[PDB]
Amino acid sequence: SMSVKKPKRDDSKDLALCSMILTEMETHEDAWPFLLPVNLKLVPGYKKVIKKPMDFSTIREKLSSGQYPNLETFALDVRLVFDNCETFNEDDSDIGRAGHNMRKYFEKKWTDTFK
């Protein structure tokens, strides 16, 4: 509360470390469905159904331009990528499986780096 603060968690490396995690997600073999924004002209249904599209390129631009106020807003956008994927894709599709694998991969790196 006013003039009563929990001890300062060192956040000075967060930007670098989110960038490293994002690099690892970008270079994963199963990243291909997520590297670029879904083409809203060419994919029926996507625009109407997926209220907040997100992809790794868009996260990378946001990261590089100070559009994440903290590491939780970065994790929200990453998870949004996988949540959108599950919304639109059957679990038993290549893309559906890719998204489960990537979410697992991300969540481990997240835990190991920050928790």
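Computation of the quantities below employed the complete heavy-atom set of this structure, encompassing side-chain atoms and omitting hydrogens, waters and symmetry-equivalent molecules. For the single chain, residues carry numbers from 1 onward in sequence order.
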Are any non-hydrogen side-chain atoms of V38 and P53 less than 4.5 angstrom apart?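 Not in contact.
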Contact check, side chains of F88 and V43, non-hydrogen atoms, under 4.5 Å: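 With C-beta onward as the side chain, the pair touches.
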Taking atom CG as the centre, does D92 end up with more than 12 heavy-atom neighbours from other residues, nucleotides or ligands that are less than 6.0 angstrom away?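 Open: at most 12 neighbouring heavy atoms sit under 6.0 Å from CG of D92.
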What do you reckon, is CD of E61 surrounded by more than 12 foreign heavy atoms closer than 6.0 Å? no
Working to the nearest 0.5 Å, report the span between [atom1] of [X] and [atom2] of [Y].
{"X": "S64", "Y": "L15", "atom1": "OG", "atom2": "CG", "value": "8.0 Å"}
{"X": "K52", "Y": "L76", "atom1": "NZ", "atom2": "CG", "value": "8.0 Å"}
{"X": "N89", "Y": "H100", "atom1": "CG", "atom2": "NE2", "value": "9.0 Å"}
{"X": "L22", "Y": "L17", "atom1": "CG", "atom2": "CG", "value": "12.5 Å"}
{"X": "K62", "Y": "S57", "atom1": "NZ", "atom2": "OG", "value": "11.5 Å"}
{"X": "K109", "Y": "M20", "atom1": "NZ", "atom2": "CE", "value": "8.5 Å"}

Looking at [X] and [Y], would you say the former's side chain and the latter's main chain have a donor-acceptor pair under 3.5 Å?
{"X": "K51", "Y": "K48", "value": "yes"}
{"X": "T58", "Y": "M54", "value": "no"}
{"X": "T111", "Y": "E107", "value": "yes"}
{"X": "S93", "Y": "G96", "value": "yes"}
{"X": "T73", "Y": "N70", "value": "yes"}

Do [X] and [Y] sit in the same hydrophobic cluster, where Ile, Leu, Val, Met, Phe, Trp and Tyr count as joined when their side-chain heavy atoms come under 4.5 Å apart?
{"X": "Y46", "Y": "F56", "value": "no"}
{"X": "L40", "Y": "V49", "value": "yes"}
{"X": "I50", "Y": "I59", "value": "no"}
{"X": "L80", "Y": "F106", "value": "yes"}
{"X": "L35", "Y": "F74", "value": "yes"}

Working for side-chain hydrogen bond (donor to acceptor under 3.5 Å, both in side chains), residues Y68 and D77: CA-CA 10 Å; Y68 295 114; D77 266 358; 2.6 Å; yes
Salt-bridge criterion met for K104 and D30 (N-O under 4.0 Å):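 No, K104 and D30 are not salt-bridged.
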Students often mix this up, so state it plainly: with edges at 30° and 60°, are the rings of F34 and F82 parallel, tilted or perpendicular?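 Rings of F34 and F82: perpendicular, over 60°.
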Return the minimal non-hydrogen interatomic distance between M102 and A31, and the atom names on each side.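 Closest approach of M102 to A31, heavy atoms only: SD-N, 4.0 Å.
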Looking at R79 and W110, what are the two nearest heavy atoms and their distance?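 In this case the closest contact between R79 and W110 is NH2-CD1, 3.7 Å.
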Audit row: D94, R97, salt bridge (charged side-chain N to carboxylate O under 4.0 Å, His left out) steps and yes/no: CA-CA 5 Å; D94 297 278; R97 283 190 278 285; 3.7 Å; yes
Test salt bridge (charged side-chain N to carboxylate O under 4.0 Å, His left out) on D83 and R103; report intermediate values, then the result. CA-CA 9 Å; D83 292 347; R103 184 193 298 274; 2.7 Å; yes
